[PDB]
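What follows is one structure encoded as structure tokens, with my remarks underneath.
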Amino acid sequence: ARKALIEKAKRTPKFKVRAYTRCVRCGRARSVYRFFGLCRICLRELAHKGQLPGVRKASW
Amino acid sequence: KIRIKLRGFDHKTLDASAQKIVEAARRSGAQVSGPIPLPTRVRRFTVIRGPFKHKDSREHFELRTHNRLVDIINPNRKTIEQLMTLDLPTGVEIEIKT
Amino acid sequence: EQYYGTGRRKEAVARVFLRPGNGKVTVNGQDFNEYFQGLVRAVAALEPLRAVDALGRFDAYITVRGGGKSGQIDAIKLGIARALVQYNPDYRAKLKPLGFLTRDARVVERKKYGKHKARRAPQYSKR
Amino acid sequence: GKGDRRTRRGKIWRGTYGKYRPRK
Amino acid sequence: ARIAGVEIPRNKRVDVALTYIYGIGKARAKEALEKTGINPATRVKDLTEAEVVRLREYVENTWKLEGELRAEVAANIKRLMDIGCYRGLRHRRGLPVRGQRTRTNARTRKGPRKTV
Amino acid sequence: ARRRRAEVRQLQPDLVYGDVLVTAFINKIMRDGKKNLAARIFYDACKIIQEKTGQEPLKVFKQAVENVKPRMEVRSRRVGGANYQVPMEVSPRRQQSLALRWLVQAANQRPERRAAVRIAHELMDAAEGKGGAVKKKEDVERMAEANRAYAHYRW
Amino acid sequence: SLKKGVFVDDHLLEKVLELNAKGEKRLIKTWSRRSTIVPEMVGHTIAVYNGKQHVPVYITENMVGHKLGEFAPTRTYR
RNA sequence: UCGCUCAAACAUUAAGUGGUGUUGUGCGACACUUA
RNA sequence: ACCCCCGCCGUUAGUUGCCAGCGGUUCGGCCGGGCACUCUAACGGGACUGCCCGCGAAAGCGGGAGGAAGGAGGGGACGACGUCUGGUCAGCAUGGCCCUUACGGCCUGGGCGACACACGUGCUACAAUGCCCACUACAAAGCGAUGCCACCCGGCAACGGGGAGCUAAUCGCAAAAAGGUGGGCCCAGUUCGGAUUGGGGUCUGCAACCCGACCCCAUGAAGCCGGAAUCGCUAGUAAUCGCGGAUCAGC
Ligand SMILES: [Mg+2]
Ligand SMILES: [Mg+2]
Ligand SMILES: [Mg+2]
Ligand SMILES: [Mg+2]
Ligand SMILES: [Mg+2]
Ligand SMILES: [Mg+2]
Ligand SMILES: [Mg+2]
Ligand SMILES: [Mg+2]
Ligand SMILES: [Mg+2]
Ligand SMILES: [Mg+2]
Ligand SMILES: [Mg+2]
Ligand SMILES: [Mg+2]
Ligand SMILES: [Mg+2]
Ligand SMILES: [Mg+2]
Ligand SMILES: [Mg+2]
Ligand SMILES: [Mg+2]
Ligand SMILES: [Mg+2]
Ligand SMILES: [Mg+2]
Ligand SMILES: [Mg+2]
Ligand SMILES: [Mg+2]
Ligand SMILES: [Mg+2]
Ligand SMILES: [Mg+2]
Ligand SMILES: [Mg+2]
Ligand SMILES: [Mg+2]
Ligand SMILES: [Mg+2]
Ligand SMILES: [Mg+2]
Ligand SMILES: [Mg+2]
Ligand SMILES: [Mg+2]
Ligand SMILES: [Mg+2]
Ligand SMILES: [Mg+2]
Ligand SMILES: [Mg+2]
Ligand SMILES: [Mg+2]
Ligand SMILES: [Mg+2]
Ligand SMILES: [Mg+2]
Ligand SMILES: [Mg+2]
Ligand SMILES: [Mg+2]
Ligand SMILES: [Mg+2]
Ligand SMILES: [Mg+2]
Ligand SMILES: [Mg+2]
Ligand SMILES: [Mg+2]
Ligand SMILES: [Mg+2]
Ligand SMILES: [Mg+2]
Ligand SMILES: [Zn+2]
């Protein structure tokens, strides 16, 4: 159940305690940052590409 | 009297647009306090590299959100038209209030 | 007239406003022997004054902020040095060899990832 | 005791306040 | 003095002496002192005869304590026992009532480690 | 390290008497990085020194650490596949290190309640010629002369 | 804990009200082990599910403040 | 408090075998190997 | 090596800060005023074996001065041709095989939380360099519109209610803790230790039996720094003490 779940994640038919976070890009079930709305994986992928504005390689 | 906020990401583009306003306001009106850099609010995001299990070698980024402040005193009519027309922003979301 | 110098260590800054007089030392209000209580490093910060042979002859006034309690003391130590050396070129020829003019690069380093404390790694195992 | 459910640092470690710990 | 019927916390802090009393601890110890104006520092070895019956009878008749308290504790368990709630069956086999890590430790109720 | 000898850490001289040996003692006392706490704890015993005997804490400290300074010790070493307990002189630094160290431990061995009184009484028996730390010194020197046979491998 | 208005299902009270409305049997296969037992519901038999089947667990005075799940095993050998 | 035999559990091994090492039962005062 | 942080200082800007210099003092940088100085970030210089002594053919090493800092100054980013037929078809994409009124779809309840046992990684202790408690002081970084909560009242309290400010260097989370002065404690399974269990409450959520966190009263367990074995770490490191976020209804 991968496809039927990504659709159900956007449904929110019953109570709000089912509208769990869900990555947008690859539709991951966990590790979904709320700010980006993406999973940790696709997040890094884009960041290397430069498609993430203001997101620079951290070094300190 | 008037106060302008110049939020944005790239400080190179923030410096060009902030310096532009300082020349346009002073060279055509009353006094204007130069660019006042504020504490850059940064979003440091840490995370793991590999897709599966690798609680190490992880990689992390940071969202540089800059801040620059510029105050113009006397409401010059030349400065209002100058900034309304001669402007070249881009990724710099500015917000101005009295 | 006055002797000024900048103090700093572990992000604990300390302005040093010194004025020749008695020995009354105020730092961010309060007295020196008052603010620092039960700390031997206190009398150590006044080391620059004992090196110049003028302990009780100067009213100090320092603005030390940020950092820890002791980091301030080290900020005062270097601050007083820059203060008395400001109006004294010859007192640098005997304050420097005694080691005083240094920001003390010694500072806490970043806690590395994968580790626990920038160096200490979790207990290795194989069982 | 950083584990006492009724002490000064007892709540300081648990990130709470309560009675024994001063609260507004 | 024989305070709680049989218990005799002599020769020590008056407040701590009450802690030894079953059903009485650190909190109920200070409470008896602020309701009878007793100094926690003074010992039981040197107190007034009036303060004896005073503090003693007070806490004694006030709240539940001693074996009769313990009887109620087991009484409730007889109730969790007569039917068999999930809480009771943990007392049956000796398991914890929190459903904690039984796959690992929890030796406090399970007794010593029966390697076997 | 295999390359350099790695130079000693030149510590800060005493901030009350003017002597590196005293500060070094504070460090051994220093639990969880509380120098100012241990410093006082040390000066506390210094005053207990003048209380008992009209003697300066300075020389009472020197005499103590001196009489607990191990002259020789046995070190293990391999030879073809066997361990010999070879005795030989210690380095000046190591003697000072062990001396200061044992003393601290000998204080912990004492039944004395307060730490300062433990270091106080211990500093007396040490400067004297008989104490918990001193007896641990006499003990190590015995091992040296005992195995004096294997002293042929001075290396 | 639900101190403001004791939690429980409507169909529970509804099905059990008609049981008191004329004093019927007690058979009632439920699926809400999350609910609190009703006081006057003594003498009935709620067939509480538990993943496996319906447990004919009776009821009485003492068993009231607790849940329906309290008196229904969810694991084998317990 | 020590000496000893035996049967588990754990530790050394990359792993096994064996052994070695501690605690448990009853009494007397490293080496070898790995289709 | 060029990239960033902390290292010396200045250049640019002044709602961060200054009884410092003066007037009111409610004796609080609260008002006036100012930016030199602290700070907030941005640009640039600086250290290069450059100087002297000694060894040396060269490269280079050792010692001394000036300097904030010497021989990469400390840390990070950065981890080659490849190996481990390493890992991942449950992040995703994907060749082929297999299911297709069910290996697909929906809900409710249960289950990853089971316990006679074993191992790894951790928190907190087995206490008088200390435990319980009253007062006082010094951080960095971060986050905050369906969220952070200053002030007033109820109670033992969690918590609730009234209600001001905030697109956030100037409003909130916030007392940093340890530490400084003072008190009881007196070597005791202890004012150490809070695990376990009884009863009564609060918070979020359709729903805290299974299976949440958090108060309060009580019960006050194992537990005297630990065998064979074994781990971390070379300096602002170890050890030790508090703080923040992500994740997130709450945990
Ligand atoms: Mg996609
Ligand atoms: Mg020096
Ligand atoms: Mg550190
Ligand atoms: Mg730092
Ligand atoms: Mg850092
Ligand atoms: Mg501790
Ligand atoms: Mg918090
Ligand atoms: Mg209140
Ligand atoms: Mg009942
Ligand atoms: Mg044996
Ligand atoms: Mg047997
Ligand atoms: Mg036999
Ligand atoms: Mg014998
Ligand atoms: Mg053999
Ligand atoms: Mg064979
Ligand atoms: Mg300027
Ligand atoms: Mg300036
Ligand atoms: Mg050259
Ligand atoms: Mg040249
Ligand atoms: Mg020459
Ligand atoms: Mg050359
Ligand atoms: Mg040359
Ligand atoms: Mg030098
Ligand atoms: Mg020079
Ligand atoms: Mg070099
Ligand atoms: Mg590289
Ligand atoms: Mg496939
Ligand atoms: Mg396809
Ligand atoms: Mg079929
Ligand atoms: Mg503060
Ligand atoms: Mg920062
Ligand atoms: Mg948060
Ligand atoms: Mg509030
Ligand atoms: Mg605002
Ligand atoms: Mg605050
Ligand atoms: Mg103290
Ligand atoms: Mg106790
Ligand atoms: Mg307790
Ligand atoms: Mg519950
Ligand atoms: Mg030890
Ligand atoms: Mg043994
Ligand atoms: Mg939240
Ligand atoms: Zn994703």
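By convention in this document, the chains of the structure tokens carry letters A, B, ... by their order, each chain's residues are numbered from 1, and ligands are numbered from 1 in the order they are shown.
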
Protein and nucleic acid residues within 10 Å of ligand 8 (only C-alpha atoms (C1' of nucleotides) and all ligand atoms) as a PyMOL selection string | (chain D and resi 23-24) or (chain I and resi 152-155)

Would you return as a PyMOL selection string the members of chain F that DSSP assigns to alpha helix (DSSP H) on this structure's backbone?
-> chain F and resi 20-29+35-52+57-66+92-109+115-128+132-146

Spatial neighbours of segment 91-105 of chain C, max dist 10 Å, only C-alpha atoms (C1' of nucleotides), sep filter under 3 positions, as number ranges by chain | C: 7-10, 47-48, 51-52, 74-75, 77-82, 84-88, 108; I: 6-8, 67-69, 73-74, 236

Could you list, as a PyMOL selection string, the residues of chain I having an atom within 12 Å of chain G when counting only C-alpha atoms (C1' of nucleotides)?
-> chain I and resi 108-111+113-115+201-212

Contacts to ligand 35 at 12 Å cut-off (only C-alpha atoms (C1' of nucleotides) and all ligand atoms) as a ChimeraX atom specification = /I:148-150,171-176

Would you output that residue set with N, CA, C and O atoms (P, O5', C5', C4', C3', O3' and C1' of nucleotides), as a PDB file, in the first residue's frame?
```
ATOM      1  P     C I 148       2.828  27.583  22.339  1.00  0.00           P
ATOM      2  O5'   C I 148       3.973  28.698  22.395  1.00  0.00           O
ATOM      3  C5'   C I 148       5.331  28.353  22.154  1.00  0.00           C
ATOM      4  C4'   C I 148       6.249  29.440  22.679  1.00  0.00           C
ATOM      5  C3'   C I 148       5.917  29.910  24.090  1.00  0.00           C
ATOM      6  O3'   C I 148       6.515  29.069  25.079  1.00  0.00           O
ATOM      7  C1'   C I 148       6.103  31.783  22.677  1.00  0.00           C
ATOM      8  P     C I 149       5.783  28.871  26.490  1.00  0.00           P
ATOM      9  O5'   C I 149       5.739  30.370  27.045  1.00  0.00           O
ATOM     10  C5'   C I 149       4.896  30.747  28.131  1.00  0.00           C
ATOM     11  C4'   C I 149       4.699  32.255  28.110  1.00  0.00           C
ATOM     12  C3'   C I 149       3.727  32.832  29.134  1.00  0.00           C
ATOM     13  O3'   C I 149       4.387  33.090  30.377  1.00  0.00           O
ATOM     14  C1'   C I 149       3.243  33.705  26.973  1.00  0.00           C
ATOM     15  P     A I 150       3.575  33.596  31.665  1.00  0.00           P
ATOM     16  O5'   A I 150       4.155  35.071  31.916  1.00  0.00           O
ATOM     17  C5'   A I 150       5.505  35.253  32.356  1.00  0.00           C
ATOM     18  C4'   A I 150       6.005  36.680  32.169  1.00  0.00           C
ATOM     19  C3'   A I 150       5.387  37.749  33.063  1.00  0.00           C
ATOM     20  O3'   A I 150       6.038  37.806  34.327  1.00  0.00           O
ATOM     21  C1'   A I 150       5.251  38.476  30.858  1.00  0.00           C
ATOM     22  P     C I 171      11.246  44.455  24.407  1.00  0.00           P
ATOM     23  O5'   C I 171      10.170  43.366  24.857  1.00  0.00           O
ATOM     24  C5'   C I 171       8.876  43.811  25.246  1.00  0.00           C
ATOM     25  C4'   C I 171       7.821  42.743  25.022  1.00  0.00           C
ATOM     26  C3'   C I 171       8.223  41.327  25.403  1.00  0.00           C
ATOM     27  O3'   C I 171       8.084  41.111  26.803  1.00  0.00           O
ATOM     28  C1'   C I 171       7.230  41.304  23.273  1.00  0.00           C
ATOM     29  P     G I 172       9.198  40.277  27.598  1.00  0.00           P
ATOM     30  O5'   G I 172       8.713  38.764  27.418  1.00  0.00           O
ATOM     31  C5'   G I 172       7.422  38.371  27.869  1.00  0.00           C
ATOM     32  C4'   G I 172       7.081  36.986  27.352  1.00  0.00           C
ATOM     33  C3'   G I 172       8.093  35.907  27.708  1.00  0.00           C
ATOM     34  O3'   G I 172       7.813  35.365  28.990  1.00  0.00           O
ATOM     35  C1'   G I 172       7.589  35.783  25.403  1.00  0.00           C
ATOM     36  P     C I 173       9.003  34.746  29.863  1.00  0.00           P
ATOM     37  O5'   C I 173       9.282  33.343  29.145  1.00  0.00           O
ATOM     38  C5'   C I 173       8.236  32.387  29.032  1.00  0.00           C
ATOM     39  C4'   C I 173       8.693  31.168  28.247  1.00  0.00           C
ATOM     40  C3'   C I 173       9.976  30.521  28.743  1.00  0.00           C
ATOM     41  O3'   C I 173       9.709  29.650  29.837  1.00  0.00           O
ATOM     42  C1'   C I 173      10.012  30.697  26.374  1.00  0.00           C
ATOM     43  P     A I 174      10.665  29.658  31.120  1.00  0.00           P
ATOM     44  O5'   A I 174      10.707  31.208  31.522  1.00  0.00           O
ATOM     45  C5'   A I 174      11.369  31.630  32.707  1.00  0.00           C
ATOM     46  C4'   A I 174      12.647  32.377  32.373  1.00  0.00           C
ATOM     47  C3'   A I 174      12.462  33.673  31.593  1.00  0.00           C
ATOM     48  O3'   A I 174      12.149  34.795  32.446  1.00  0.00           O
ATOM     49  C1'   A I 174      14.365  32.417  30.808  1.00  0.00           C
ATOM     50  P     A I 175      13.008  35.322  33.698  1.00  0.00           P
ATOM     51  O5'   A I 175      13.689  34.033  34.350  1.00  0.00           O
ATOM     52  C5'   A I 175      15.106  33.894  34.345  1.00  0.00           C
ATOM     53  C4'   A I 175      15.633  33.482  35.710  1.00  0.00           C
ATOM     54  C3'   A I 175      17.104  33.095  35.740  1.00  0.00           C
ATOM     55  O3'   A I 175      17.949  34.245  35.732  1.00  0.00           O
ATOM     56  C1'   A I 175      15.868  31.505  36.948  1.00  0.00           C
ATOM     57  P     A I 176      19.252  34.203  34.803  1.00  0.00           P
ATOM     58  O5'   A I 176      19.649  32.657  34.917  1.00  0.00           O
ATOM     59  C5'   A I 176      20.334  32.000  33.861  1.00  0.00           C
ATOM     60  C4'   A I 176      20.027  30.510  33.862  1.00  0.00           C
ATOM     61  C3'   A I 176      20.717  29.699  34.956  1.00  0.00           C
ATOM     62  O3'   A I 176      19.842  29.497  36.063  1.00  0.00           O
ATOM     63  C1'   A I 176      21.337  28.854  32.839  1.00  0.00           C
TER      64        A I 176
END
```

Cut-off 10 Å, only C-alpha atoms (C1' of nucleotides) and all ligand atoms, neighbours of ligand 22 as a PyMOL selection string | chain I and resi 49+56+58-60

Limited to N, CA, C and O atoms (P, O5', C5', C4', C3', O3' and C1' of nucleotides), could you put the picked residues into a file as a PDB file, in the first residue's frame?
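The file below, out.pdb, is the result:
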```
ATOM      1  P     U I  49      55.746  30.309   3.873  1.00  0.00           P
ATOM      2  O5'   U I  49      57.327  30.531   3.978  1.00  0.00           O
ATOM      3  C5'   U I  49      58.024  30.077   5.127  1.00  0.00           C
ATOM      4  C4'   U I  49      59.143  31.038   5.488  1.00  0.00           C
ATOM      5  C3'   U I  49      60.441  30.856   4.700  1.00  0.00           C
ATOM      6  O3'   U I  49      61.055  32.111   4.410  1.00  0.00           O
ATOM      7  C1'   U I  49      60.879  30.717   6.994  1.00  0.00           C
ATOM      8  P     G I  56      77.766  22.130   8.256  1.00  0.00           P
ATOM      9  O5'   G I  56      76.514  21.962   7.276  1.00  0.00           O
ATOM     10  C5'   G I  56      75.885  20.694   7.164  1.00  0.00           C
ATOM     11  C4'   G I  56      74.768  20.740   6.142  1.00  0.00           C
ATOM     12  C3'   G I  56      75.156  21.309   4.791  1.00  0.00           C
ATOM     13  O3'   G I  56      75.901  20.373   4.029  1.00  0.00           O
ATOM     14  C1'   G I  56      73.074  22.168   5.429  1.00  0.00           C
ATOM     15  P     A I  58      72.922  25.265   0.648  1.00  0.00           P
ATOM     16  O5'   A I  58      71.733  24.660  -0.236  1.00  0.00           O
ATOM     17  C5'   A I  58      71.433  25.212  -1.514  1.00  0.00           C
ATOM     18  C4'   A I  58      70.359  24.404  -2.224  1.00  0.00           C
ATOM     19  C3'   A I  58      69.057  24.223  -1.451  1.00  0.00           C
ATOM     20  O3'   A I  58      68.131  25.251  -1.781  1.00  0.00           O
ATOM     21  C1'   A I  58      69.853  22.104  -2.188  1.00  0.00           C
ATOM     22  P     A I  59      67.249  25.939  -0.635  1.00  0.00           P
ATOM     23  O5'   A I  59      66.176  24.819  -0.253  1.00  0.00           O
ATOM     24  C5'   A I  59      65.099  24.540  -1.133  1.00  0.00           C
ATOM     25  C4'   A I  59      64.495  23.189  -0.805  1.00  0.00           C
ATOM     26  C3'   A I  59      63.910  23.063   0.594  1.00  0.00           C
ATOM     27  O3'   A I  59      62.565  23.510   0.608  1.00  0.00           O
ATOM     28  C1'   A I  59      65.318  21.218   0.161  1.00  0.00           C
ATOM     29  P     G I  60      62.038  24.381   1.841  1.00  0.00           P
ATOM     30  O5'   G I  60      62.628  23.626   3.125  1.00  0.00           O
ATOM     31  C5'   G I  60      62.004  22.441   3.616  1.00  0.00           C
ATOM     32  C4'   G I  60      62.853  21.763   4.679  1.00  0.00           C
ATOM     33  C3'   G I  60      62.781  22.351   6.083  1.00  0.00           C
ATOM     34  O3'   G I  60      61.667  21.846   6.809  1.00  0.00           O
ATOM     35  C1'   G I  60      65.033  21.946   5.498  1.00  0.00           C
TER      36        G I  60
END
```

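Residue nearest residue 38 of chain B within the list I:169, I:141, I:106, I:36: I:169 [criterion: smallest interatomic distance, only C-alpha atoms (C1' of nucleotides)].
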
From atom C1' of residue 124 of chain I to atom CA of residue 3 of chain D the spacing works out at 5.8 Å

Kindly work out which residues sit at most 12 Å from ligand 10, using only C-alpha atoms (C1' of nucleotides) and all ligand atoms, and give the list as a ChimeraX atom specification.
-> /H:3-6,21-25 /I:228

Quick one: write out the picked residues with N, CA and C atoms (P, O5', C5', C4', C3', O3' and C1' of nucleotides) as a PDB file, in the first residue's frame?
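And here is the file that came out, result_29.pdb:
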```
ATOM      1  P     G H   3      43.528 -21.265  45.422  1.00  0.00           P
ATOM      2  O5'   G H   3      43.504 -22.856  45.610  1.00  0.00           O
ATOM      3  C5'   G H   3      44.718 -23.569  45.822  1.00  0.00           C
ATOM      4  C4'   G H   3      44.459 -25.062  45.933  1.00  0.00           C
ATOM      5  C3'   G H   3      43.569 -25.650  44.849  1.00  0.00           C
ATOM      6  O3'   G H   3      44.321 -25.950  43.676  1.00  0.00           O
ATOM      7  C1'   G H   3      42.840 -26.415  46.959  1.00  0.00           C
ATOM      8  P     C H   4      43.621 -25.878  42.235  1.00  0.00           P
ATOM      9  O5'   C H   4      42.626 -27.134  42.245  1.00  0.00           O
ATOM     10  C5'   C H   4      43.142 -28.450  42.405  1.00  0.00           C
ATOM     11  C4'   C H   4      42.017 -29.458  42.553  1.00  0.00           C
ATOM     12  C3'   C H   4      40.961 -29.403  41.462  1.00  0.00           C
ATOM     13  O3'   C H   4      41.398 -30.121  40.314  1.00  0.00           O
ATOM     14  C1'   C H   4      39.936 -29.656  43.599  1.00  0.00           C
ATOM     15  P     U H   5      40.869 -29.684  38.868  1.00  0.00           P
ATOM     16  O5'   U H   5      39.531 -30.546  38.688  1.00  0.00           O
ATOM     17  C5'   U H   5      39.614 -31.960  38.542  1.00  0.00           C
ATOM     18  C4'   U H   5      38.266 -32.616  38.783  1.00  0.00           C
ATOM     19  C3'   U H   5      37.164 -32.218  37.816  1.00  0.00           C
ATOM     20  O3'   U H   5      37.253 -32.978  36.618  1.00  0.00           O
ATOM     21  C1'   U H   5      36.337 -32.222  40.043  1.00  0.00           C
ATOM     22  P     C H   6      36.838 -32.317  35.221  1.00  0.00           P
ATOM     23  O5'   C H   6      35.245 -32.180  35.328  1.00  0.00           O
ATOM     24  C5'   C H   6      34.415 -33.338  35.282  1.00  0.00           C
ATOM     25  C4'   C H   6      33.002 -33.026  35.750  1.00  0.00           C
ATOM     26  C3'   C H   6      32.202 -32.083  34.860  1.00  0.00           C
ATOM     27  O3'   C H   6      31.540 -32.800  33.817  1.00  0.00           O
ATOM     28  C1'   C H   6      32.049 -31.363  37.115  1.00  0.00           C
ATOM     29  P     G H  21      42.386 -21.110  33.908  1.00  0.00           P
ATOM     30  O5'   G H  21      41.520 -19.767  33.952  1.00  0.00           O
ATOM     31  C5'   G H  21      42.180 -18.508  33.986  1.00  0.00           C
ATOM     32  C4'   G H  21      41.170 -17.377  34.005  1.00  0.00           C
ATOM     33  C3'   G H  21      39.972 -17.620  34.908  1.00  0.00           C
ATOM     34  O3'   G H  21      40.290 -17.269  36.246  1.00  0.00           O
ATOM     35  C1'   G H  21      39.255 -16.768  32.816  1.00  0.00           C
ATOM     36  P     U H  22      39.606 -18.069  37.450  1.00  0.00           P
ATOM     37  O5'   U H  22      38.219 -17.288  37.661  1.00  0.00           O
ATOM     38  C5'   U H  22      38.189 -15.988  38.256  1.00  0.00           C
ATOM     39  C4'   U H  22      36.779 -15.418  38.328  1.00  0.00           C
ATOM     40  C3'   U H  22      35.716 -16.338  38.925  1.00  0.00           C
ATOM     41  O3'   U H  22      35.798 -16.385  40.372  1.00  0.00           O
ATOM     42  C1'   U H  22      34.902 -15.384  36.919  1.00  0.00           C
ATOM     43  P     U H  23      34.875 -15.573  41.408  1.00  0.00           P
ATOM     44  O5'   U H  23      33.384 -16.065  41.077  1.00  0.00           O
ATOM     45  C5'   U H  23      32.284 -15.666  41.898  1.00  0.00           C
ATOM     46  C4'   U H  23      30.955 -15.978  41.227  1.00  0.00           C
ATOM     47  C3'   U H  23      30.343 -17.331  41.558  1.00  0.00           C
ATOM     48  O3'   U H  23      29.631 -17.283  42.786  1.00  0.00           O
ATOM     49  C1'   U H  23      30.201 -16.940  39.227  1.00  0.00           C
ATOM     50  P     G H  24      29.394 -18.630  43.620  1.00  0.00           P
ATOM     51  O5'   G H  24      28.455 -19.528  42.677  1.00  0.00           O
ATOM     52  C5'   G H  24      27.031 -19.431  42.765  1.00  0.00           C
ATOM     53  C4'   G H  24      26.316 -20.358  41.789  1.00  0.00           C
ATOM     54  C3'   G H  24      26.400 -21.855  42.084  1.00  0.00           C
ATOM     55  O3'   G H  24      25.334 -22.282  42.944  1.00  0.00           O
ATOM     56  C1'   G H  24      26.991 -21.451  39.818  1.00  0.00           C
ATOM     57  P     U H  25      25.560 -23.412  44.062  1.00  0.00           P
ATOM     58  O5'   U H  25      25.739 -24.762  43.223  1.00  0.00           O
ATOM     59  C5'   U H  25      24.643 -25.655  43.053  1.00  0.00           C
ATOM     60  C4'   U H  25      25.128 -27.089  42.897  1.00  0.00           C
ATOM     61  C3'   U H  25      25.849 -27.679  44.104  1.00  0.00           C
ATOM     62  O3'   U H  25      24.923 -28.211  45.045  1.00  0.00           O
ATOM     63  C1'   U H  25      27.103 -28.130  42.148  1.00  0.00           C
TER      64        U H  25
ATOM     65  P     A I 228      39.842  -8.957  36.971  1.00  0.00           P
ATOM     66  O5'   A I 228      39.733  -9.935  35.712  1.00  0.00           O
ATOM     67  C5'   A I 228      40.193 -11.275  35.825  1.00  0.00           C
ATOM     68  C4'   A I 228      39.667 -12.120  34.682  1.00  0.00           C
ATOM     69  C3'   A I 228      39.719 -11.461  33.311  1.00  0.00           C
ATOM     70  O3'   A I 228      41.013 -11.581  32.728  1.00  0.00           O
ATOM     71  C1'   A I 228      37.600 -12.446  33.638  1.00  0.00           C
TER      72        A I 228
END
```

How many Å separate atom CA of residue 84 of chain E from atom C1' of residue 221 of chain I?
-> 26.1 Å

Shell of 12 Å around ligand 40 (only C-alpha atoms (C1' of nucleotides) and all ligand atoms), written as a PDB file with C-alpha atoms (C1' of nucleotides), in the first residue's frame:
```pdb
ATOM      1  CA  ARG F  31      37.341  17.158  40.541  1.00  0.00           C
ATOM      2  CA  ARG F 101      49.031  11.880  43.289  1.00  0.00           C
ATOM      3  CA  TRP F 102      49.466   9.310  46.053  1.00  0.00           C
ATOM      4  CA  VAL F 104      45.670  12.983  47.295  1.00  0.00           C
ATOM      5  CA  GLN F 105      44.644   9.326  47.429  1.00  0.00           C
ATOM      6  CA  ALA F 106      46.062   8.896  50.924  1.00  0.00           C
ATOM      7  CA  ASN F 108      40.831   9.840  50.551  1.00  0.00           C
ATOM      8  CA  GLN F 109      41.914   6.776  52.530  1.00  0.00           C
TER       9      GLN F 109
ATOM     10  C1'   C I 225      32.683   2.562  42.987  1.00  0.00           C
TER      11        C I 225
END
```
